[PDB]
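A.B. asks: This one's a deposited entry, sequence included:
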Protein chains: 2
Amino acid sequence: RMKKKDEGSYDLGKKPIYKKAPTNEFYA
Amino acid sequence: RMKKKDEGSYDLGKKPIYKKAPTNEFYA
């Protein structure tokens, strides 16, 4: 798709993820 | 887009999110 005009369609982003978590012990 | 043939393009999913966390106290 370099200097050739003509595109595709739609857009969106990619994949809806869902992760997240800390990482530490509650002890000195 | 009902019984009219012709579609769009691309596909992907939507938006890549990233959330996740528990919810409880470490005490009885």
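C.D. replies: Happy to help now that I have it. Numbering: from 1, shown residues only, chains lettered A, B, ... in the order given.
A.B. asks: can we go C-alpha only for contacts and neighbour counts from here?
C.D. replies: Noted.
A.B. asks: Those residues of chain A touching chain B, which are they?
C.D. replies: By the rule Cα under 8 Å from any Cα of the partner chain, the part of chain A lying against chain B is A:8-21.
A.B. asks: Disregarding residues adjacent in the polypeptide, which is nearest to the residue in chain A positioned nearest to chain B?
C.D. replies: Using Cα to the nearest Cα, the closest approach of chain A to chain B is made by residue A:16 at 3.7 Å. With Cα to Cα, 6 or more residues apart in numbering or on different chains as the criterion, residue A:16 has its nearest non-adjacent residue at 3.7 Å, and that residue is residue B:16.
A.B. asks: And residue A:8, by the same measure?
C.D. replies: residue B:9 (6.2 Å).
A.B. asks: correct me, but the one you found touches residue A:7?
C.D. replies: No: using Cα atoms under 8 Å, residue B:9 is not in contact with residue A:7; the gap is 9.9 Å.
A.B. asks: of those two, who's got more company?
C.D. replies: residue B:9 (11 against 7; other Cα atoms under 10 Å in any protein chain shown).
A.B. asks: burial count for residue A:12?
C.D. replies: Counted with other Cα under 10 Å, residue A:12 comes out at 13.
A.B. asks: Please list all residues in contact with it.
C.D. replies: B:11, B:12, B:13, B:14, B:15 (Cα atoms under 8 Å, 6 or more residues apart in numbering or on different chains).
A.B. asks: do residue A:28 as well
C.D. replies: For residue A:28, counting by Cα under 8 Å, 6+ apart, there are no contacting residues.
A.B. asks: Assign it to helix, strand or coil.
C.D. replies: coil (DSSP: H, G, I helix; E, B strand; the rest coil).
A.B. asks: Tell me the spacing between it and residue B:26.
C.D. replies: 16 Å (Cα to Cα, to the nearest Å).
A.B. asks: same question, residue A:5
C.D. replies: 60 Å.
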